[PDB]
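Visitor: Please find one structure pasted underneath; my questions will follow.
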Amino acid sequence: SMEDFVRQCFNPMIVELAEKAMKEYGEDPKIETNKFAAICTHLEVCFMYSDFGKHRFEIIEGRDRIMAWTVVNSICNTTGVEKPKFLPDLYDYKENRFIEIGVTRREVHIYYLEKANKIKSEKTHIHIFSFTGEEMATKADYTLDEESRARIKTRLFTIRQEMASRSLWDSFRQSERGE
Ligand SMILES: O=C(O)c1[nH]ccc(=O)c1O
Ligand SMILES: [Mn+2]
Ligand SMILES: [Mn+2]
């Protein structure tokens, strides 16, 4: 059911990446369905984010760990930027900074506090999106123009409403898994 929805609303490439991420962690997407959906949603948000930007953004999320760290190392060696302790989601060649993307079912400020306390690196920019059209970013610097952020918010709200139409939203939002 939730698996059916995930396979019907996300393109096969994102679904395959999410299935691979869960097989890496060791979880079955048919039991941990909310994890599955959250991972698909986060991947799709990262890909939209990087695609709205001469390519401005370098996608790090969605890569196997070897290639992710290869990309991070190459960026740090060609820019002198400090090497993050956690694999970030994108690199911004325009602002020259790593971006950690957050998609939460909780209030954006709660999840922002959580992620900022986690990464504890004053150089990784944080951008939190909610399923309610809310966002919170480091220094209120949202990076993207209004149209791209609007499209991301629209896609997230649409995912939420598609879950609600299938009676999947209550379970998904009451779970923190995937964040
Ligand atoms: O990189 C990850 O593994 C990860 N995990 C949970 C939430 C995120 O936003 C994220 O980027
Ligand atoms: Mn990530
Ligand atoms: Mn992220």
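Going by the structure tokens order, chains are called A, B, ..., each with residues numbered from 1, while ligands are numbered from 1 in the order shown.
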Residues at most 12 Å from stretch 19-27 of chain A, counting only C-alpha atoms, excluding those fewer than 6 positions away in the same chain, as an MDAnalysis selection string?
Guide: chainID A and resid 3 6:7 12:13 33:40 42:43 61:65 177:178
Visitor: Show me which residues sit within 7 Å of ligand 3 when counting only C-alpha atoms and all ligand atoms, and put them as an MDAnalysis selection string.
Guide: chainID A and resid 42 88:89 100:102
Visitor: Got time to write the residues from that selection, N, CA, C and O atoms, as a PDB file, in the first residue's frame?
Guide:
ATOM      1  N   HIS A  42      13.295  12.635   0.312  1.00  0.00           N
ATOM      2  CA  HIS A  42      14.535  13.379   0.510  1.00  0.00           C
ATOM      3  C   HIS A  42      15.411  13.333  -0.736  1.00  0.00           C
ATOM      4  O   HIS A  42      15.997  14.352  -1.130  1.00  0.00           O
ATOM      5  N   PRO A  88      27.449  15.511   3.371  1.00  0.00           N
ATOM      6  CA  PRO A  88      26.353  16.455   3.122  1.00  0.00           C
ATOM      7  C   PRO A  88      25.517  16.033   1.925  1.00  0.00           C
ATOM      8  O   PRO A  88      25.737  14.954   1.363  1.00  0.00           O
ATOM      9  N   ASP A  89      24.564  16.875   1.521  1.00  0.00           N
ATOM     10  CA  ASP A  89      23.655  16.566   0.420  1.00  0.00           C
ATOM     11  C   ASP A  89      24.056  17.205  -0.902  1.00  0.00           C
ATOM     12  O   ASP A  89      23.927  16.565  -1.949  1.00  0.00           O
ATOM     13  N   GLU A 100      23.351  20.814   3.613  1.00  0.00           N
ATOM     14  CA  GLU A 100      22.613  19.702   4.192  1.00  0.00           C
ATOM     15  C   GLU A 100      21.126  19.992   4.031  1.00  0.00           C
ATOM     16  O   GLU A 100      20.639  21.024   4.503  1.00  0.00           O
ATOM     17  N   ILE A 101      20.413  19.093   3.359  1.00  0.00           N
ATOM     18  CA  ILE A 101      18.994  19.267   3.072  1.00  0.00           C
ATOM     19  C   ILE A 101      18.183  18.483   4.090  1.00  0.00           C
ATOM     20  O   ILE A 101      18.462  17.305   4.347  1.00  0.00           O
ATOM     21  N   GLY A 102      17.176  19.132   4.663  1.00  0.00           N
ATOM     22  CA  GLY A 102      16.304  18.465   5.604  1.00  0.00           C
ATOM     23  C   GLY A 102      14.852  18.506   5.180  1.00  0.00           C
ATOM     24  O   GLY A 102      14.327  19.566   4.826  1.00  0.00           O
TER      25      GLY A 102
END
Visitor: Pick out the residues sitting within 12 Å of residue A:122, and hand them over as a list in words; count only C-alpha atoms, and ignore anything fewer than 3 positions along from it in its own chain.
Guide: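 Answer for this query is residues 81, 82, 83, 84, 85, 97, 98, 99, 100, 115, 116, 117, 118, 119, 125, 126, 138 and 139 of chain A.
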Visitor: Using only C-alpha atoms and all ligand atoms, which of A:179, A:171, A:29, A:54 sits nearest ligand 2?
Guide: A:179
Visitor: Can you tell me, as a PyMOL selection string, what residues are no more than 9 Å from residue A:153 when counting only C-alpha atoms, ignoring any on the same chain fewer than 3 positions away?
Guide: chain A and resi 129-135+148-150+156-158
Visitor: Kindly give the distance, in Å, that separates atom CA of residue A:74 and atom CA of residue A:96, rounded to a single decimal.
Guide: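 According to the coordinates, atom CA of residue A:74 and atom CA of residue A:96 are separated by 13.3 Å.
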Visitor: Nearest to ligand 2: which of A:87, A:31, A:159, A:68 is it, counting only C-alpha atoms and all ligand atoms?
Guide: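 Distance minimum relative to ligand 2 lands on A:87.
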Visitor: In terms of the shortest atom-to-atom distance over only C-alpha atoms and all ligand atoms, which of A:4, A:114, A:145, A:28 is closest to ligand 1?
Guide: A:114
Visitor: Counting only C-alpha atoms and all ligand atoms, which residue out of A:107, A:170, A:176, A:44 sits closest to ligand 2?
Guide: A:44
Visitor: Taking into account only C-alpha atoms and all ligand atoms, which residue in the set A:121, A:73, A:41, A:154 is nearest to ligand 1?
Guide: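 Ranking A:121, A:73, A:41, A:154 by distance to ligand 1, first place goes to A:41.
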Visitor: May I have all residues of stretch 43-138 of chain A that DSSP, computed from the backbone, assigns to strand (DSSP E or B), given as a PyMOL selection string?
Guide: chain A and resi 57-59+90-92+97-104+125-130+135-137
Visitor: One decimal, Å: what's the distance from atom CA of residue A:90 over to atom CA of residue A:59, could you say?
Guide: 4.7 Å
Visitor: Pick out each residue of stretch 3-136 of chain A that DSSP on the backbone tags as alpha helix (DSSP H); I need them as a VMD selection string.
Guide: chain A and resid 3 to 9 12 to 25 33 to 51 65 to 79 108 to 119
Visitor: If we count only C-alpha atoms and set the cut-off at 8 Å, which residues sit around residue A:49, ignoring sequence neighbours fewer than 4 positions away in its own chain? Please answer as a PyMOL selection string.
Guide: chain A and resi 45+53+148+152
Visitor: Now that the selection is made, can you save its residues with C-alpha atoms as a PDB file, in the first residue's frame?
Guide:
ATOM      1  CA  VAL A  45      14.101  17.047  -2.973  1.00  0.00           C
ATOM      2  CA  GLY A  53      20.747  25.450 -10.557  1.00  0.00           C
ATOM      3  CA  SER A 148      12.477  26.868  -7.135  1.00  0.00           C
ATOM      4  CA  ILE A 152       9.926  22.084  -3.910  1.00  0.00           C
TER       5      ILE A 152
END
